[PDB]
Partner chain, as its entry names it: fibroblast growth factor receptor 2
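Only one chain is included here, represented as structure tokens and corresponding to the form deposited without the partner chain.
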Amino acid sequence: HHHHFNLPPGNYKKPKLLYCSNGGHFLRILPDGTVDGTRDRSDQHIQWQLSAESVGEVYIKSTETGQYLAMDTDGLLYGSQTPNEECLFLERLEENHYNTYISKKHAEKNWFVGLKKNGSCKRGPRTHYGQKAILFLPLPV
């Protein structure tokens, strides 16, 4: 393993909103695959269903569009129609409270899912332990 194994105390029984404390944005993915963050809780593209493939390994899927959140070879988040190795994330507890998501594919480089204060997604190499951009709080829908 290249990462710790502190896991968040929760399940995948129901869909969730992925709230980012950094700028207070909900993770969003449009039908065309555009990924970003919005503070509009009425938005119809911020609902996600997570599922575990292995303990601590999750798929993060848009309930509205059916797309899987994924990070590409350049560290850009995108929406994949079908599950692939770029769609798996290591879901972990952080600062004993939040959830972080590390790209399994690029785990050795510590590339995380993250949102800047202006609501734009961070590129993998620009993320790292210690940022508020990578801290999420799963909220009920």
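Residue numbers count along the first chain shown, from 1.
Note that the form solved in complex with the partner chain isn't included here; everything after this is about it.
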Report task. Answer yes if any heavy atom of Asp72 is within 4.5 Å of a heavy atom of the partner chain in the bound PDB entry; otherwise answer no. Result -> no
Report task. Please run the contact check for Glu85 against the partner chain in the bound PDB entry: heavy atoms, 4.5 angstroms, yes or no? Result -> no
Query raised in the report: Can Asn99 be called a contact residue for the partner chain in the bound PDB entry at 4.5 Å between heavy atoms?
Result: yes
Query - Exercise: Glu94 in contact with the partner chain in the bound PDB entry, heavy atom 4.5 Å - result: yes
Query raised in the report: In sequence order, which positions of 20-43 have a non-hydrogen atom within 4.5 Å of the partner chain in the bound PDB entry?
Result: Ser21, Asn22, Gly23, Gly24, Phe26, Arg39, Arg41
